Amino acid sequence: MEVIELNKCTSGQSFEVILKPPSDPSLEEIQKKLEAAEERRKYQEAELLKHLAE
Amino acid sequence: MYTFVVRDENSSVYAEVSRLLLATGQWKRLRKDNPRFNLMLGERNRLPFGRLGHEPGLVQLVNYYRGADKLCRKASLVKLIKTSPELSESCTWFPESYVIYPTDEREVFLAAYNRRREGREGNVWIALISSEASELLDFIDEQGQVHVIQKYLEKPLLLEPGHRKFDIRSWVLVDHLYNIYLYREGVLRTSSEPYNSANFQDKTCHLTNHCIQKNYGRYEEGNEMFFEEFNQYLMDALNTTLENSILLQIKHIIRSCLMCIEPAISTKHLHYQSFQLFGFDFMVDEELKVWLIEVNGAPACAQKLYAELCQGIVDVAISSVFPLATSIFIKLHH
Amino acid sequence: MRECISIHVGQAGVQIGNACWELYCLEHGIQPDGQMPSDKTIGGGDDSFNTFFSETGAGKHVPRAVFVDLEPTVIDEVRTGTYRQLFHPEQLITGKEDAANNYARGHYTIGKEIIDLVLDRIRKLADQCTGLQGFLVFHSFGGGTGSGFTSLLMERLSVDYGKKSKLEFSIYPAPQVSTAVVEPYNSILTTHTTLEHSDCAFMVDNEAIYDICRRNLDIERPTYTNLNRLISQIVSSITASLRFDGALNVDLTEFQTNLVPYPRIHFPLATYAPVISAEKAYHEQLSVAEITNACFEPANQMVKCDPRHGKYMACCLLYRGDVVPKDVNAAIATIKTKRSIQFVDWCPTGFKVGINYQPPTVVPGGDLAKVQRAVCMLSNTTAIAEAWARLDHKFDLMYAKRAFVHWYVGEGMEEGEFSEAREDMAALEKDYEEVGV
Amino acid sequence: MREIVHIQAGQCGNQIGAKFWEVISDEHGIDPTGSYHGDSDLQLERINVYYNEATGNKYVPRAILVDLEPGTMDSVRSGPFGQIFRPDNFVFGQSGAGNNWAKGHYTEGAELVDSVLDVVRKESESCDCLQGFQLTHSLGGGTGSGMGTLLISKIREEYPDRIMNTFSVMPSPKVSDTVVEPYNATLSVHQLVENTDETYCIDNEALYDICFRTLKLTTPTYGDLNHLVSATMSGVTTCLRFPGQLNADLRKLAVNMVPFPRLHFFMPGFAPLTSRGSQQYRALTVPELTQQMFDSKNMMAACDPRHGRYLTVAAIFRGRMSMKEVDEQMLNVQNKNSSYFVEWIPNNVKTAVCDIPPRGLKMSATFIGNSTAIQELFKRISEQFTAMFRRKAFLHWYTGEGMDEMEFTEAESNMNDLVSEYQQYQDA
Ligand SMILES: CCCCCCN(C(=O)[C@@H](NC(=O)[C@H]1CCCCN1C)[C@@H](C)CC)[C@H](C[C@@H](OC(C)=O)c1nc(C(=O)N[C@@H](Cc2ccc(F)cc2)C[C@H](C)C(=O)O)cs1)C(C)C
Ligand SMILES: Nc1nc2c(ncn2[C@@H]2O[C@H](COP(=O)(O)OP(=O)(O)OP(=O)(O)O)[C@@H](O)[C@H]2O)c(=O)[nH]1
Ligand SMILES: Nc1ncnc2c1ncn2[C@@H]1O[C@H](COP(=O)(O)OP(=O)(O)CP(=O)(O)O)[C@@H](O)[C@H]1O
Ligand SMILES: Nc1nc2c(ncn2[C@@H]2O[C@H](COP(=O)(O)OP(=O)(O)O)[C@@H](O)[C@H]2O)c(=O)[nH]1
Ligand SMILES: [Ca+2]
Ligand SMILES: [Mg+2]
Ligand SMILES: [Mg+2]
C-alpha cells in the first residue's frame, strides 16, 4: 500500500512498506557466585579426602 | 511395524481406531509419553503440536488440525464467517449471529434486533431461547464465559407423523493431503415430543440433542433416523430426494468452510501431518433450505455407524500414510 | 563508522566463526595474506568494512575477533589453517581441558580461571576502537564451554561495557549431530543466565540446517562443514548492513529497535532462500516473488515452527542481488492475500526492506550454487516459542528423575539453579503465549 | 595431549592388558621396539593419549605392570611385545596373593603398593594434562581384585579430580572352580561402586558361552576368552584414540553414560564375534553389525537386555561405510525396540564412526550399554556370595588376614543396594 523512508546509494537501497496500521549484577555479586561454587567444590573434595583418610 | 500413542481416553471414536489398529497386527501401542510414535491420537485440549515432527526416522501423523478450533468454537465460527471474504456477511446458509461478552458486538446486535420489531417479523434468538432482548443480555451477564446470540429458525421442517423438529449430523474426514471426505451415512437426531410455537419453556421439543430427550424412542430407535428412511420420507411426503433437496447444500457448506481455512491449517509442506474427523450440525427449514448450526472438532458417532466409519478413518487417513502388507466416503472436489 | 567485535566461544562458535570470516574475506576481496588490493586508504580508514576489520601499517586487514575455547584442538586448526596470518595470536585463546558437556564446569570451575584473561584480550580490541558499538557472540547451547563460559562472559560484558549492544548467534541442539544427552540442561541453564544480557539473539536449530542440506543440497549425511557454510551465508546476510553502505540495520541498536520491542522476546526467526545445489546443472533462476514467498515456508527457516499459529511483532527482508523495490512490493501484495500473517495489534503490519545489489558470494568448490538474487527474512514471531517448549519438555523428563544432575552439583552448582532456570523458561513460554493469542 | 595412565594387576589383568597393548599398537603402527611403521597420520594424531614419546622416534606405552608374583609378568616380558614396556614400570612381589582379596588389599598388597604409586606418580608428572586412569584386572582372584581396588583407592586420594576407568573381569563357575571367588568379587564390587566413574563389566560367563555356543570352541582357552576382551577393549577405546566428535575423552564419556554416580557399570558388546586364525572373508553389512551388536549373544556380560531398559548407549562403528546407513540403522533399532530405552532420558543413544577398522576385519561395531539388566550379573554374584556367607564358610582365610565379618556384611549390603537401585530406574 504505502512506501516510506526510501534511501538509495550505489551499493543498494532500503525502505519500509506498511500494509495496515496498529489498533545486571555487579562485578562483586558475580565473584561471590563463583567463589561460593568453588567453596562447595572444595568442601566436597575435603570430605572425600576425609573419608579416604579414615 | 508402525507405532502409536493414545492421549484422549474419553474418545469413543478413537478407542475403536486403536482397537482396530491393534487387530491388524502391524501397529503397536506405546505408552503415552514415549515420543517415538508414527501416529498420535491426541488429547482434546492443550495438544503439543510444537513437539511433533522433530523425531528423525519417523514420519509422524496426528488426528487434529492445529487451528481447526477457529471453525469448531461457536464464537470463533461467527467471527470467521463475518471476517473471511469467501464466506462474508452475505453468507446465505449461516444464521444471523452475534458474539456477546458478559460484563464485542452487542451494539451492532441491538440495531438489527430493533429493526425486526419495526419490520413485524419473527424475532426469536438462541443462546436459552427467547424473543425479548432484555432476557438474553441479562442471561449472559450472570453466567460466566462468552456466548453467541444466533437467530432462531421459527419455521423448521417437521417430520410426520408427530410434527417433530430435527437436526442432521454429517461426519467429515479431512486427510493429510486435505481431501475432504463426507461419510455417506449421516443421521437425523430427532425430537420426540411435538414442536410448539408458543411454548419456549419446555426445552425438549426445541433442542434436539440425543441426551436431552430423556416420551422417547417412539417413532424410531433412540431418536435416530438414518438416510435411507429419511430419503424414503422425502420421496413419499415431498416428492423429492435427500441428495437433491438437502445434501448438495450440505456438500457446499462443508467444502466452503474447509476451503476457507485450508491456508491456515494445511500440513502440506510441514514437518508433521494432520487429519481430523469433524461433525457438522445442520438445520433444515420448511423451504428445504439447509442451515449450519455448528462444527464439532471431536464428534461422537451414532451407535450403528462406529464399525464402518472407524474402519474408513484407518483406510483413508492412516493407511494412506502408513501402508500395510467399496468406498464409504464421498470426495468433495476442489 | 562504529566498530563491532565478534567473539567465538566453543567448538561450534569457533568453527562457525571460521566459515563466517572466510566468507567475509571473499565478499570484501580480502586475501588470506590480509591484503585488500581494492582498499586505497592504507594503514587505516572509516569505511563500512572497517566495522569488522582493523588495519596495520603494512596494509593487513585483521578481524575484530577473539576465539576462545577451553581445549586447543579446534583453535589449533585456525592457527595452522588457510587464514592463519589473518589473526594475531592474542586473539586465539585456548585452555587445556574442556568443560566436558557440563554448563557448570564451563561457567564455574573453568570460567572462574579463564574469564579475566578473555576480558583482557577483548579489552585490547576495544582500546583500538574509536566508537565500539557492541559484540556479536557465536556459541552452541549444548556444549559446556558454549553454554557455561558464554553465559559468564555475557554477564561480565554487561559490567565492563554496560552501554554497548550484545547480539548472539546461538546453535540450538539437535540429536542428528549432537554429542551429549545433557544439551537440554545446558541450553536452559545458559538461556536463563544470558537472557537479561542479550539484546537480540539469532537461534539456528541444527535440525533445520541438517534437513535443508539433505533436501535442497542433496547431501546424504551433512557434516559440520556443510552446516557451517550454510550458517555463514545466513550470518553474512544478517551482518551485511554493518559491513556495507546502506540505511537499514546499520548499527547494532537498530536490530533491537527494528526486531525486538519486548526485551525478553528477543529471538527473531531467520528464513533463507534460495538454497540451490552447486552440482545441479540447468537451474531455473527464481524470481523476487518466488524467493520472497519461500520466506513463509517452514522448510526454509532456521528453526522448524509454524508462524501461521502465532503473531508477528516485526519483519525485515534483507535482499542480496538483482532486486528492485517495485518487485518486492508486488511480491508482498500477492503473499498477503495467500498466507496467514497476523501481527500483534500494537505493531503496524509492515516490512522493513534492505537491498544490496551484489549477489551472495559462494565459497569456491562448495555445496551452494551462485544465484542472481537471495533473501533472508528476519521475523520476530511467537511461533519460535515451539523451540522452547520442545527443549523445556526434554529438560522436564530428565530433571524429574534428577538424571545427570550430580555432574553439575559436583562442580559447585546448587540443585536450585536448575529449577530457577526452568521457571524462568516457563515464564518466557507464558510471555510468548500472552503476546501470541 | 590428554593422557591416560594404564595399570594392569594380577594374572588376568596383565594378560588382557598385554593383549590390549598388542592390539592397539598394531592399529597405531607401533612395532615391538616402539618404532612407527604406519601409512597414515590418523594413527599418530592422538598417539599421546596412550604412549609417551621418547628420544629416537620411539613410543613407550604409558603402562604400569603390577603383580604379587613374577610368573605372568615374566611371561609378558618374554612375549613378543614385552620389550615395548618401560622396564622400571614392572612392579612385582614374590609371595603371591593366593586368590585372597584380603591378601591383595590389606597384607601382601600393602607391602608393594607404595612402589607402584611411585611409578604412577612419575608417569602422571610427565603428562601435559592427565585425564585419568584405566585399570585391567579380575574381581575373582587376589592381586587384581584386592590390590587392584587398594590401588584405585590410593590413586583417588592423590588424584581426586581425575576419571577412574576399569576393565573388570567378573568370575564364573564355567571358567574357575576356586570356591572363594564370589567373596573376592563382592568385596571388589563394593570398592568399584564407591571409587570408579566407569567400569566395563567383562563377564567370564558370557565370554565362555560365546566361545562354546557361537564360536563352537568346545575346549576354550583363556586365550580364546581374551581374544574377545582385546577386541572389546579396542572397540570401547576407539573414540579416545582416534580423531572424533563423540566421547573423545573419559570425562565426556562419563557425562554421556552415567546418569547417577553409582550406576556406572557397563555392558559391552561386539560384532562380528570371531575366533583367532579363523578368517572372516565376508565383510558385514551395516544392518548386520547393528543387529548383532545389540544381540544378547554378542554381549560380554551375561545379562538379557530384554529383562531391563537402557539408560544410555554408545554405539561405535569402524571401517569405511555409509554414515547415512549407520544413522538409518541406529534410528531403526531404537524406534522398532522403543520400550527398552527409558523415555525419561531423550536421545540416549550416541553413535560414532571411525574410518580405520581393526586388524583382519573390514567392518566392525562396538556397543557400550548402561542397562538395568546388569543387575542380573550382580544378583548372580550375590546369590553365590550369600550361600556361603550365611554359614560363614571359608571365612577363616579372610579373618586370618585381619578382616572382620562386618566388612563382608557392608559389601553385601552395598551390592544388594546397587541391584535394587537398578530395579528402581527399570520401573520408573
Ligand atoms: C590350571 C588352572 C587353570 C584353570 C583352567 C580353566 N580352563 C579349563 O579348561 C580347565 N577346566 C576347568 O577348570 C573345569 C573342570 C571342572 C568343571 C568346570 N571347570 C571350569 C581344564 C584345564 C582343567 C583340566 C580354561 C582355561 C584353560 O584352557 C585349556 C587348557 O583348555 C587354559 N588356557 C590357557 C591359555 O589360554 N594359555 C595361553 C597363554 C595364557 C593365557 C592366559 C593365562 F591366564 C595364562 C596363559 C596360550 C594358549 C596357546 C592360547 O593362547 O590359547 C592356559 S590354561 C577356561 C577357559 C575354562
Ligand atoms: N552447526 C554446528 N554445530 C556444532 C559445531 N560443533 C558443535 N556443534 C554443536 O554444538 C553442540 C556441542 O557443543 P560444542 O560447541 O562442540 O561444545 P564446546 O562449546 O566446545 O564445549 P565443551 O567441549 O563442552 O567444552 C552440539 O549440539 C553440536 O552438534 C559446528 O561446527 N557447527
Ligand atoms: N439457530 C437455531 N435454530 C434452530 N435450532 C437451533 C439453533 N441453534 C441450536 N439449535 C438446536 O439446538 C441443538 C443443539 O445446538 P448446538 O449443537 O449449538 O449446542 P451444543 O454444541 O452445546 C450440543 P453438543 O455440545 O453436544 O455439540 C441443535 O440440535 C438444534 O436442534
Ligand atoms: N578372561 C580371563 N579370565 C582370567 C584370566 N586369568 C584368570 N582369569 C580369571 O580370573 C580369576 C582369577 O584371578 P587372577 O587374575 O588369576 O588372580 P590374581 O593373579 O590374584 O589377580 C578367575 O575368575 C579366572 O577364571 C585370563 O587371562 N582371562
Ligand atoms: Ca582502509
Ligand atoms: Mg569443545
Ligand atoms: Mg594367580
Side-chain angles (χ1 to χ4, degrees), chain C residues 8-19 68-75 94-95 97-107 110-111 138-150 169-180 182-184 186-187 190 204-210 213 222-232 302, chain D residues 10-16 18-19 71-72 75-76 79 99 138 141 169 171-178 204 207-208 211-212 217-227 229 245-246 248-249 251-252 255 275-277 347:
Chain C
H8 307 267
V9 190
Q11 175 173 119
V14 166
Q15 291 186 156
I16 286 171
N18 281 81
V68 52
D69 197 10
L70 307 179
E71 163 261 79
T73 322
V74 310
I75 285 171
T94 52
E97 58 179 358
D98 69 39
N101 300 129
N102 191 337
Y103 179 84
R105 191 174 177 82
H107 189 88
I110 310 191
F138 295 80
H139 66 104
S140 55
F141 279 171
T145 300
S147 67
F149 183 68
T150 299
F169 291 92
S170 305
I171 305 293
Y172 174 112
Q176 274 158 314
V177 295
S178 97
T179 35
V182 295
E183 294 186 45
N186 296 340
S187 305
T190 192
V204 174
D205 193 335
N206 270 347
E207 184 196 61
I209 307 308
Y210 193 83
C213 284
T223 58
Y224 288 136
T225 305
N226 302 122
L227 295 184
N228 293 336
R229 286 205 277 228
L230 178 48
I231 290 160
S232 70
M302 299 309 100
Chain D
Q11 185 187 106
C12 182
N14 271 281
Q15 203 79 242
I16 70 170
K19 271 228 68 195
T72 310
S75 175
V76 169
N99 289 303
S138 62
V169 182
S172 177
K174 292 170 175 166
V175 183
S176 185
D177 300 274
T178 303
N204 268 356
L207 299 188
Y208 183 87
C211 285
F212 188 80
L217 298 171
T218 52
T219 306
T221 67
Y222 288 131
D224 300 318
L225 274 42
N226 292 352
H227 174 67
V229 178
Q245 205 45 43
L246 190 257
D249 65 61
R251 189 169 271 101
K252 277 191 171 169
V255 176
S275 59
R276 287 173 297 170
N347 311 106

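Naming: A, B, ... by sequence-line order, numbering from 1 per chain. Excluded from the calculations below are hydrogen atoms, water molecules and symmetry mates; all remaining heavy atoms, backbone and side chain alike, are included. Counting starts at 1 for both ligands and their atoms, following the listed order.
- The aromatic rings of C:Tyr172 and C:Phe141 sit tilted relative to each other, their planes meeting at an angle between 30° and 60°.
- Of all the atoms in ligand 2, the ones that sit under 4.0 Å from a non-hydrogen atom of C:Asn101 are 24 (O).
- Looking at C:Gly10 next to ligand 2, no N or O pair under 3.5 Å apart turns up.
- Remark: distances from the non-hydrogen atoms of C:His139 to ligand 2 are all 4.0 Å or more.
- For ligand 2, the atoms closer than 4.0 angstrom to any heavy atom of C:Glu183 are 11 (C), 26 (C), 27 (O).
- Residue contact check for ligand 2: C:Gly106 places no non-hydrogen atom closer than 4.0 Å to it.
- At least one side-chain heavy atom of D:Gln15 sits under 4.5 Å from a side-chain heavy atom of D:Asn226.
- Counting only heavy atoms of the protein, atom 44 (F) of ligand 1 lies nearest to D:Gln11 OE1, 3.0 Å.
- Summary of contacts: the protein heavy atom closest to atom 46 (C) of ligand 1 is D:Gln15 NE2, 4.0 Å.
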- Message: Evaluate C:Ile16 against C:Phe169 for side-chain contact (heavy atoms from CB on, under 4.5 Å), listing each step before the verdict.
- Response: CA-CA 10 Å; C:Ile16 286 171; C:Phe169 291 92; over 6 Å; no
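- Less than 4.0 angstrom separates some heavy atom of C:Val177 from each of these atoms of ligand 2: 28 (C), 29 (O).
- Using a 4.5 Å heavy-atom threshold, the side chains of D:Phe212 and D:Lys174 count as separate.
- Note: an N/O pair closer than 3.5 Å links C:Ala12 and ligand 2 by distance alone.
- Polar contact check, C:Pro173 against ligand 2: no nitrogen or oxygen pair lies under 3.5 Å apart.
- Of all the heavy atoms in C:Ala99 and C:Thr145, the pair that sits closest is CB-N, 3.5 Å.
- Taking 4.5 Å as the limit, some side-chain heavy atom of C:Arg105 sits within range of a side-chain heavy atom of C:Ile110.
- Ring planes of C:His107 and C:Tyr103: parallel class, angle under 30° (limits at 30 and 60°).
- Remark: ligand 2 and C:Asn102 share no N or O pair separated by less than 3.5 Å (distance only, no angle test).
- No side-chain heavy atom of D:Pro171 sits less than 4.5 Å from a side-chain heavy atom of D:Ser176.
- Nearest protein heavy-atom contact of atom 19 (N) of ligand 1 is D:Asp177 OD2, 2.8 Å.
- A heavy-atom separation below 4.0 Å is not found between C:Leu70 and ligand 2.
- Across C:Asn101 and C:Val182, no two heavy atoms sit closer than the pair O-CG2, 3.1 Å.
- A pairwise comparison of heavy atoms in C:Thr150 and C:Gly146 identifies OG1-O, 2.7 Å as the closest pair.
- Each of the atoms 24 (O) of ligand 2 lies under 4.0 Å from some heavy atom of C:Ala100.
- Within the set D:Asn204, D:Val175, D:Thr218, D:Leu217, the minimum heavy-atom distance to atom 6 (C) of ligand 1 is found for D:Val175.
- Shortest contact from atom 52 (O) of ligand 1 to any protein heavy atom: D:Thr221 OG1, 2.6 Å.
- Short contacts between ligand 2 and C:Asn228, defined as distances under 4.0 Å to a heavy atom of the residue, involve ligand atoms 1 (N), 2 (C), 30 (C), 31 (O), 32 (N).
- Looking at ligand 1, you won't find any N or O of D:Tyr208 less than 3.5 Å from one of its N or O atoms.
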- Task: With salt bridge (charged side-chain N to carboxylate O under 4.0 Å, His left out) as the test, would you mind laying out the steps for C:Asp98 and D:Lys252 before giving the verdict?
- Result: CA-CA 9 Å; C:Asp98 69 39; D:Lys252 277 191 171 169; 3.4 Å; yes
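- For atom 9 (O) of ligand 1, the closest heavy atom belonging to the protein is D:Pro220 O, 4.3 Å.
- Contact atoms of ligand 2 toward C:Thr179: 12 (C) (distance under 4.0 Å to a heavy atom of the residue).
- Of all protein heavy atoms, the one lying nearest to atom 31 (O) of ligand 1 is D:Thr219 CG2, 3.4 Å.
- The protein heavy-atom contact nearest to atom 33 (N) of ligand 1 is D:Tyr222 N, 3.2 Å.
- The shortest distance between side-chain heavy atoms of C:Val74 and C:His8 does not fall below 4.5 Å.
- The shortest N/O to N/O separation between C:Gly144 and ligand 2 falls below 3.5 Å.
- The atoms of ligand 2 that sit less than 4.0 Å from any heavy atom of C:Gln15 are 30 (C), 31 (O).
- The N/O atoms of D:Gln245, backbone and side chain alike, include none that comes under 3.5 Å of an N/O atom in ligand 2.
- Looking at ligand 2, you won't find any N or O of C:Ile171 less than 3.5 Å from one of its N or O atoms.
- An N or O contact shorter than 3.5 Å is missing between D:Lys174 and ligand 1 by distance.
- In terms of protein heavy atoms, atom 38 (C) of ligand 1 is closest to D:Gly223 N, 4.7 Å.
- Tested against C:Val9 for a side chain to side chain contact (heavy atoms under 4.5 Å, CB included), the candidates C:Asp69, C:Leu70, C:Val68 yield a single pass: C:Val68.
- At least one side-chain heavy atom of C:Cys213 sits less than 4.5 Å from a side-chain heavy atom of C:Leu230.
- Summarising the geometry of C:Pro72 relative to C:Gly95, their closest heavy-atom pair is CD-O, 3.5 Å, with the distance given to 0.1 Å.
- Residues C:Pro222 and C:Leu227 share a closest heavy-atom pair of CB-CD2, 4.2 Å.
- Shown in contact with C:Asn206 at under 4.0 Å from a heavy atom are these atoms of ligand 2, numbered in order with element: 1 (N), 2 (C), 3 (N), 9 (C), 29 (O).
- Taking both residues in full, the closest heavy atoms of D:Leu225 and D:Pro220 are given as CD1-CB, 4.2 Å, listed atom of the first, atom of the second, then distance.
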